[PDB]
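Q: So here's my_file_37.cif (mmCIF, C-alpha atoms and all ligand atoms).
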```cif
data_target
loop_
_atom_site.label_atom_id
_atom_site.label_comp_id
_atom_site.auth_asym_id
_atom_site.auth_seq_id
_atom_site.Cartn_x
_atom_site.Cartn_y
_atom_site.Cartn_z
CA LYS A 3 -237.09 -76.63 34.47
CA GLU A 4 -234.33 -77.56 37.03
CA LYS A 5 -232.81 -80.91 38.16
CA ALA A 6 -234.96 -83.92 39.08
CA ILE A 7 -234.44 -87.41 40.52
CA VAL A 8 -237.04 -90.05 39.71
CA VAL A 9 -237.43 -93.07 41.98
CA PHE A 10 -237.37 -95.46 39.05
CA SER A 11 -238.20 -99.17 38.93
CA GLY A 12 -239.18 -99.94 35.34
CA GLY A 13 -242.84 -100.59 36.04
CA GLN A 14 -245.72 -98.95 34.21
CA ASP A 15 -246.00 -96.35 36.97
CA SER A 16 -242.43 -95.21 37.67
CA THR A 17 -241.78 -95.21 33.94
CA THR A 18 -244.78 -92.96 33.28
CA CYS A 19 -243.48 -90.72 36.07
CA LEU A 20 -240.06 -90.50 34.40
CA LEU A 21 -241.59 -89.70 31.02
CA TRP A 22 -243.65 -87.13 32.87
CA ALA A 23 -240.66 -85.68 34.72
CA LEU A 24 -238.67 -85.52 31.50
CA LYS A 25 -241.15 -82.97 30.13
CA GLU A 26 -241.32 -80.95 33.34
CA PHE A 27 -237.63 -80.48 34.01
CA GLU A 28 -234.29 -79.72 32.33
CA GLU A 29 -232.15 -82.33 34.10
CA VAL A 30 -233.55 -85.70 35.12
CA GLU A 31 -231.71 -88.61 36.75
CA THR A 32 -233.13 -91.91 38.04
CA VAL A 33 -232.66 -94.16 41.06
CA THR A 34 -233.38 -97.84 41.21
CA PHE A 35 -233.54 -99.77 44.47
CA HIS A 36 -232.67 -103.44 44.58
CA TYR A 37 -232.24 -105.85 47.47
CA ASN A 38 -228.81 -107.05 46.34
CA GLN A 39 -229.71 -108.12 42.80
CA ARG A 40 -227.92 -106.23 40.02
CA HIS A 41 -228.92 -109.23 37.92
CA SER A 42 -232.68 -109.05 38.58
CA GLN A 43 -234.82 -108.71 35.46
CA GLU A 44 -236.52 -105.73 37.08
CA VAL A 45 -233.26 -103.89 37.69
CA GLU A 46 -232.14 -104.80 34.21
CA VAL A 47 -235.27 -103.79 32.31
CA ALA A 48 -235.11 -100.50 34.26
CA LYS A 49 -231.51 -99.92 33.20
CA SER A 50 -232.53 -100.73 29.63
CA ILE A 51 -235.56 -98.49 29.65
CA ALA A 52 -233.39 -95.80 31.23
CA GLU A 53 -230.79 -96.03 28.44
CA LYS A 54 -233.50 -95.89 25.80
CA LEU A 55 -234.16 -92.36 27.05
CA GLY A 56 -230.91 -90.79 28.22
CA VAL A 57 -231.02 -90.07 31.96
CA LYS A 58 -228.34 -91.44 34.27
CA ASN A 59 -229.45 -94.24 36.54
CA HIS A 60 -228.12 -94.91 40.00
CA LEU A 61 -228.52 -98.29 41.66
CA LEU A 62 -228.84 -98.57 45.42
CA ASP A 63 -228.82 -101.77 47.46
CA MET A 64 -231.47 -101.72 50.17
CA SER A 65 -230.83 -105.17 51.61
CA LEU A 66 -229.65 -103.68 54.91
CA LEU A 67 -233.30 -102.77 55.36
CA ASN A 68 -234.00 -106.48 55.75
CA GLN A 69 -232.27 -106.44 59.13
CA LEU A 70 -235.56 -105.01 60.33
CA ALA A 71 -237.44 -108.01 58.94
CA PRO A 72 -239.12 -110.21 61.63
CA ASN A 73 -237.07 -113.33 60.76
CA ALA A 74 -233.79 -111.37 60.89
CA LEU A 75 -234.68 -110.16 64.38
CA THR A 76 -234.17 -113.74 65.59
CA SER A 91 -242.67 -112.94 58.19
CA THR A 92 -240.63 -110.71 55.83
CA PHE A 93 -242.71 -107.53 56.00
CA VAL A 94 -240.93 -104.32 57.00
CA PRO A 95 -243.17 -101.31 57.74
CA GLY A 96 -242.63 -97.86 56.28
CA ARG A 97 -240.07 -99.12 53.79
CA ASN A 98 -241.23 -96.17 51.71
CA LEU A 99 -239.95 -93.80 54.38
CA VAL A 100 -236.45 -95.12 53.80
CA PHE A 101 -236.77 -94.99 50.02
CA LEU A 102 -237.83 -91.37 49.93
CA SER A 103 -235.30 -90.67 52.68
CA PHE A 104 -232.46 -92.10 50.61
CA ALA A 105 -233.77 -90.66 47.34
CA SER A 106 -233.60 -87.23 49.02
CA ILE A 107 -230.09 -87.78 50.38
CA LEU A 108 -229.19 -88.66 46.81
CA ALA A 109 -231.05 -85.68 45.33
CA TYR A 110 -229.01 -83.59 47.73
CA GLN A 111 -225.61 -84.86 46.52
CA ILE A 112 -226.60 -84.98 42.85
CA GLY A 113 -228.01 -81.45 43.21
CA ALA A 114 -231.67 -82.08 42.41
CA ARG A 115 -234.50 -80.15 44.04
CA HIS A 116 -237.27 -82.33 42.69
CA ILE A 117 -238.01 -85.90 43.74
CA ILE A 118 -240.53 -87.70 41.55
CA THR A 119 -242.14 -90.91 42.81
CA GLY A 120 -244.96 -93.12 41.56
CA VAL A 121 -246.65 -93.68 44.93
CA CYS A 122 -250.47 -93.28 45.02
CA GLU A 123 -253.27 -94.05 47.50
CA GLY A 128 -253.68 -99.31 51.08
CA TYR A 129 -250.30 -98.85 52.75
CA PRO A 130 -250.03 -95.88 55.13
CA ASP A 131 -246.66 -94.78 53.68
CA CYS A 132 -248.11 -94.46 50.18
CA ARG A 133 -250.82 -92.04 51.32
CA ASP A 134 -250.67 -88.39 50.27
CA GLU A 135 -250.29 -86.88 53.74
CA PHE A 136 -247.31 -89.09 54.48
CA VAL A 137 -245.51 -87.98 51.35
CA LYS A 138 -246.23 -84.40 52.45
CA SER A 139 -245.00 -84.82 56.01
CA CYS A 140 -242.01 -86.65 54.53
CA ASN A 141 -241.25 -83.74 52.20
CA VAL A 142 -241.26 -81.39 55.18
CA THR A 143 -238.99 -83.72 57.18
CA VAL A 144 -236.36 -84.21 54.48
CA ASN A 145 -236.35 -80.43 53.99
CA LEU A 146 -235.64 -79.77 57.67
CA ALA A 147 -233.17 -82.64 57.79
CA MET A 148 -231.06 -80.98 55.14
CA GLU A 149 -231.99 -77.31 54.91
CA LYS A 150 -232.93 -77.64 51.23
CA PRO A 151 -236.22 -76.67 49.47
CA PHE A 152 -236.83 -80.22 48.26
CA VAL A 153 -240.07 -80.86 46.45
CA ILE A 154 -241.54 -84.34 46.31
CA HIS A 155 -243.83 -84.85 43.32
CA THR A 156 -246.38 -87.62 43.21
CA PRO A 157 -247.95 -87.16 39.72
CA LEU A 158 -249.99 -90.39 39.95
CA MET A 159 -251.40 -89.75 43.45
CA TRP A 160 -254.97 -89.10 42.28
CA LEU A 161 -255.00 -91.12 39.08
CA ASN A 162 -256.27 -94.65 38.62
CA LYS A 163 -254.70 -97.27 36.32
CA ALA A 164 -256.65 -96.20 33.20
CA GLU A 165 -255.83 -92.60 33.99
CA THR A 166 -252.15 -93.58 34.29
CA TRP A 167 -252.30 -95.01 30.74
CA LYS A 168 -254.23 -91.92 29.64
CA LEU A 169 -251.30 -89.84 30.96
CA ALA A 170 -248.60 -91.91 29.26
CA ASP A 171 -250.59 -91.49 26.08
CA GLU A 172 -250.89 -87.71 26.57
CA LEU A 173 -247.12 -87.76 26.82
CA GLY A 174 -247.00 -89.70 23.57
CA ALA A 175 -245.35 -92.71 25.22
CA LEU A 176 -248.34 -95.06 25.40
CA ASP A 177 -246.74 -97.72 23.22
CA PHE A 178 -243.27 -97.21 24.67
CA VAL A 179 -244.70 -97.85 28.12
CA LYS A 180 -246.92 -100.69 26.91
CA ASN A 181 -243.99 -102.67 25.48
CA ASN A 182 -240.98 -102.00 27.68
CA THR A 183 -242.09 -101.67 31.31
CA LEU A 184 -242.20 -104.65 33.65
CA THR A 185 -245.44 -105.04 35.62
CA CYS A 186 -246.09 -108.80 35.66
CA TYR A 187 -245.15 -110.71 38.81
CA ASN A 188 -243.11 -113.14 36.72
CA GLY A 189 -240.37 -111.23 34.92
CA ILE A 190 -242.69 -111.25 31.88
CA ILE A 191 -242.41 -107.82 30.26
CA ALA A 192 -245.46 -105.90 29.05
CA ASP A 193 -248.54 -108.15 29.07
CA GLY A 194 -247.01 -110.60 31.52
CA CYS A 195 -248.51 -113.93 32.56
CA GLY A 196 -251.98 -112.46 32.21
CA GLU A 197 -252.71 -114.28 35.46
CA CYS A 198 -251.32 -112.50 38.53
CA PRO A 199 -253.02 -109.46 40.12
CA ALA A 200 -250.57 -106.98 38.61
CA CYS A 201 -251.35 -108.15 35.06
CA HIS A 202 -255.11 -108.11 35.58
CA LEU A 203 -254.98 -104.62 37.12
CA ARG A 204 -252.69 -103.29 34.39
CA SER A 205 -254.78 -104.90 31.63
CA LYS A 206 -258.19 -103.90 32.99
CA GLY A 207 -256.77 -100.41 33.24
CA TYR A 208 -255.61 -100.45 29.63
CA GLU A 209 -258.96 -101.74 28.36
CA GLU A 210 -260.87 -99.27 30.49
CA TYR A 211 -258.82 -96.47 28.90
CA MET A 212 -259.45 -97.81 25.41
CA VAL A 213 -263.23 -97.81 25.82
CA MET A 214 -263.05 -94.21 26.99
CA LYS A 215 -261.16 -93.59 23.75
MG MG B 301 -243.47 -98.75 38.91
ZN ZN B 302 -248.07 -111.50 35.50
#
```
Now that the file is in, can you turn its structure into structure tokens?
Ligand SMILES: [Mg+2]
Ligand SMILES: [Zn+2]

A:
Amino acid sequence: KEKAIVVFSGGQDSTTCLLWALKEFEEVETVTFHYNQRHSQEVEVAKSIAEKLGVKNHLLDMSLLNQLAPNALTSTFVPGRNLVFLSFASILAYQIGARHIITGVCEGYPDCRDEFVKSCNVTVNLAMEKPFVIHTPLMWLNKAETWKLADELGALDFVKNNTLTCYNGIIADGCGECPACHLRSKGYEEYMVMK
């Protein structure tokens, strides 16, 4: 029960993490990363969803990161972009006075794997002489288990209706086409059968 910063995006996962963090700590603030798009539906939904439950939100533009993109160095993939996110989130946690850094990451990409988040935690700590603790509450949970959690927090429906998962700005049960939707839906259904 101290101060916590949640890397928030408004998706099923970061939202569940926030709800989670809200019950674990006294103070909880959020951070949303955008690539120069205060107007994006994702950044907006997130700000909405944040309001809905107190918690200050901080926006951060990470478009400078795109300098490292292949095209800019003369493909749009930039490796270890999660290193930077957690790096920044921890610089922020420092200023804002939080010791805890919640994130929805969960092993795919090497910088989403559990050992990387651990090495990263050590690094930020040495970088700033602060006992920072990075929490990855969804690390060993699958989609259906992520719903299961939300539900154990009593926010199943909140999450179901407000978060943005679809790859087309369509809130909740988006297009019902894209991967995201299928994965989110199959997870939901899988959790319902294990009712
Ligand atoms: Mg998310
Ligand atoms: Zn979709």

Q: Check the smallest atom-to-atom distance from each of A:66, A:20, A:8, A:48 to residue 94 (chain A) using only C-alpha atoms, then report the winner.

A: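 Closest candidate: A:66.
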
Q: With only C-alpha atoms as the counted atoms, please give the residues lying no more than 8 Å from residue 18 (chain A), apart from itself and same-chain residues fewer than 3 positions off, as a CSV table (one decimal) with C-alpha atoms, in the frame of the given file.

A:
```
chain,number,residue,atom,x,y,z
A,14,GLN,CA,-245.7,-99.0,34.2
A,15,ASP,CA,-246.0,-96.4,37.0
A,21,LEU,CA,-241.6,-89.7,31.0
A,22,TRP,CA,-243.6,-87.1,32.9
A,166,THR,CA,-252.2,-93.6,34.3
A,169,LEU,CA,-251.3,-89.8,31.0
A,170,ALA,CA,-248.6,-91.9,29.3
A,179,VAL,CA,-244.7,-97.8,28.1
```

Q: Identify, on the basis of all atoms listed in the file, every residue whose closest approach to residue 116 (chain A) does not exceed 12 Å; exclude the query and any residue fewer than 2 positions from it along the same chain; express the result as a PyMOL selection string.

A: chain A and resi 3-9+20+23-24+26-32+102+105-110+112-114+118-119+141+144-145+150-156

Q: Give the residues close to ligand MG 301 (chain B), within 7 Å, counting only C-alpha atoms and all ligand atoms; write them as an MDAnalysis selection string.

A: chainID A and resid 10:17 120

Q: Emit the selected residues as a PDB file, in the coordinates of the input, including C-alpha atoms.

A:
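Result file follows (result15.pdb):
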```pdb
ATOM      1  CA  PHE A  10    -237.370 -95.460  39.050  1.00  0.00           C
ATOM      2  CA  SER A  11    -238.200 -99.170  38.930  1.00  0.00           C
ATOM      3  CA  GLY A  12    -239.180 -99.940  35.340  1.00  0.00           C
ATOM      4  CA  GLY A  13    -242.840-100.590  36.040  1.00  0.00           C
ATOM      5  CA  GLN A  14    -245.720 -98.950  34.210  1.00  0.00           C
ATOM      6  CA  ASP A  15    -246.000 -96.350  36.970  1.00  0.00           C
ATOM      7  CA  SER A  16    -242.430 -95.210  37.670  1.00  0.00           C
ATOM      8  CA  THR A  17    -241.780 -95.210  33.940  1.00  0.00           C
ATOM      9  CA  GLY A 120    -244.960 -93.120  41.560  1.00  0.00           C
TER      10      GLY A 120
END
```

Q: Excluding region 50-52 of chain A and residues on its chain fewer than 3 positions from it, collect all residues at most 8 Å away from it, counting only C-alpha atoms, and give them as a VMD selection string.

A: chain A and resid 12 32 46 to 47 55 to 59 182 to 183

Q: Hey, could you make a per-residue contact list for chain A against ligand ZN 302 (chain B) with 7 Å as the cut-off, showing the nearest pair of atoms and its distance in Å to one decimal, counting all atoms listed in the file, sorted by chain and number, as a tab-separated table?

A:
```
residue	atom	partner	partner_atom	distance
A:185	CA	B:ZN302	ZN	7.0
A:186	CA	B:ZN302	ZN	3.4
A:187	CA	B:ZN302	ZN	4.5
A:188	CA	B:ZN302	ZN	5.4
A:190	CA	B:ZN302	ZN	6.5
A:194	CA	B:ZN302	ZN	4.2
A:195	CA	B:ZN302	ZN	3.8
A:196	CA	B:ZN302	ZN	5.2
A:197	CA	B:ZN302	ZN	5.4
A:198	CA	B:ZN302	ZN	4.6
A:200	CA	B:ZN302	ZN	6.0
A:201	CA	B:ZN302	ZN	4.7
```

Q: Rounded to one decimal place, report the CA of residue 67 (chain A)-CA of residue 37 (chain A) distance in Å.

A: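 Taking CA of residue 67 (chain A) and CA of residue 37 (chain A), their separation equals 8.5 Å.
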
Q: Measure the distance from CA of residue 143 (chain A) to CA of residue 70 (chain A) in Å and round it to one decimal.

A: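 Between CA of residue 143 (chain A) and CA of residue 70 (chain A) the gap works out to 21.8 Å.
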
Q: Just need the box for region 27-42 of chain A, edges along x, y and z, holding every atom the file lists for it with 6 Å tacked onto each side, so centre and edge lengths in Å to one decimal, as lines of an AutoDock Vina configuration file.

A:
```
center_x = -232.8
center_y = -94.5
center_z = 39.9
size_x = 21.7
size_y = 41.5
size_z = 27.1
```

Q: For CA of residue 97 (chain A) and CA of residue 42 (chain A), quote the distance in Å rounded to one decimal.

A: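 So the answer is 19.6 Å.
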
Q: Using all atoms listed in the file, pick whichever of A:74, A:132, A:189, A:65 has the shortest atom-to-atom distance to residue 158 (chain A).

A: A:132

Q: Would you kindly return, as a ChimeraX atom specification, each protein, DNA or RNA residue with an atom no farther than 12 Å from any atom of residue 210 (chain A), considering all atoms listed in the file and excluding same-chain residues fewer than 6 positions away?

A: /A:162-168,202-204

Q: For residue 62 (chain A), list every protein, DNA or RNA residue within 9 Å, evaluated using all atoms listed in the file, and leave out those in the same chain fewer than 2 positions away; present the list as a PyMOL selection string.

A: chain A and resi 33-38+60+64

Q: Here is a test: counting only C-alpha atoms, which residue of A:139, A:49, A:184, A:175 is nearest to residue 99 (chain A)?

A: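 The shortest atom-to-atom distance to residue 99 (chain A) comes from A:139.
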